[PDB]
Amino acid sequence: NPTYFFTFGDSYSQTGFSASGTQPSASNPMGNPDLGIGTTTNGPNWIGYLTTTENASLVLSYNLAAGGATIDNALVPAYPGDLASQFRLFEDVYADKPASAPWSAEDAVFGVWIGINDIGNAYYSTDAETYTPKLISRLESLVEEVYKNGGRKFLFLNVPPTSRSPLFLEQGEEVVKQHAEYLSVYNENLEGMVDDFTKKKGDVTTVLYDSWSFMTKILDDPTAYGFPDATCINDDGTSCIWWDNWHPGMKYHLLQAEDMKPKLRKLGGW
């Protein structure tokens, strides 16, 4: 009795999973590529760890996240594989519950981690209080497509403090602050959406995971987590928080997956 874990997002979630590659099975829960390949962490990322390390039962991962993704290129544009296109791929391949993924409302979990690039590209050019509601509304309409397919269990991750990545720190503290303030508005509106959606539908199980507070705790006190400081970079993925100048490494992703596990118990795989 597997949990079908369909995920959507950007490079913080990518693994390089192809819908024409090897598909998930009990002997091979990620499908493709091998666990630990295709990420921005030097090893497994949070999805690989949730699926194969923190799982309480069989979890099958169908990971549609794509590097560089924004929510919808008609709002903040970036790369062809935006969140809207990931939902289209889901609708094309898995929404109708094929024999390769015969999911039901009781055993499918839809996880979404998006917003890093929308904020990263629009924090200085748009008004957060009137623009982030447009982004969040588009996210909600995409979620409604899976709801119409019969999905009822949802996991949303809020946006972590990319303002404190080495990449953004270089732009000066006033830019870090401009970005962080915009991001806080986005995350507030994300929380409001998830609450409103949960209440209006009445038959959904949702988790809003506060990645922002978790990563902030580590950045504020890195040595408590075994990191030497909050800014060094090491592509081994474990010696520093950062694998490159704006992606965290596998050790960070493991710590986050471990923090997430108890909060995901109500979703069925953890």
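Counting begins at 1, following the sequence as shown.
Higher mean CA B-factor, judged across 97-105 and 116-124 from the recorded values: 97-105.
The stretch with the higher mean CA B factor, choosing between 5-13 and 258-266, is 258-266. Looking only at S61, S239, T53, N42, the residue with the top Cα B factor in the deposited structure is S239. For the set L157, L83, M193, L75, the PDB entry assigns the largest Cα B-factor to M193. Ranked against the other modelled residues of its chain, the C-alpha B-factor of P29 as given in the entry falls in the middle third.
Residue-level temperature factors show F110 in the lowest third of its chain, judged at the C-alpha atom.
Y79 sits in the lowest third of its chain by CA B factor, as recorded in the PDB entry. The PDB entry assigns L167 a C-alpha temperature factor belonging to the highest third of its chain's modelled residues. Split the chain's modelled residues into thirds by C-alpha temperature factor. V175 is in the highest one.
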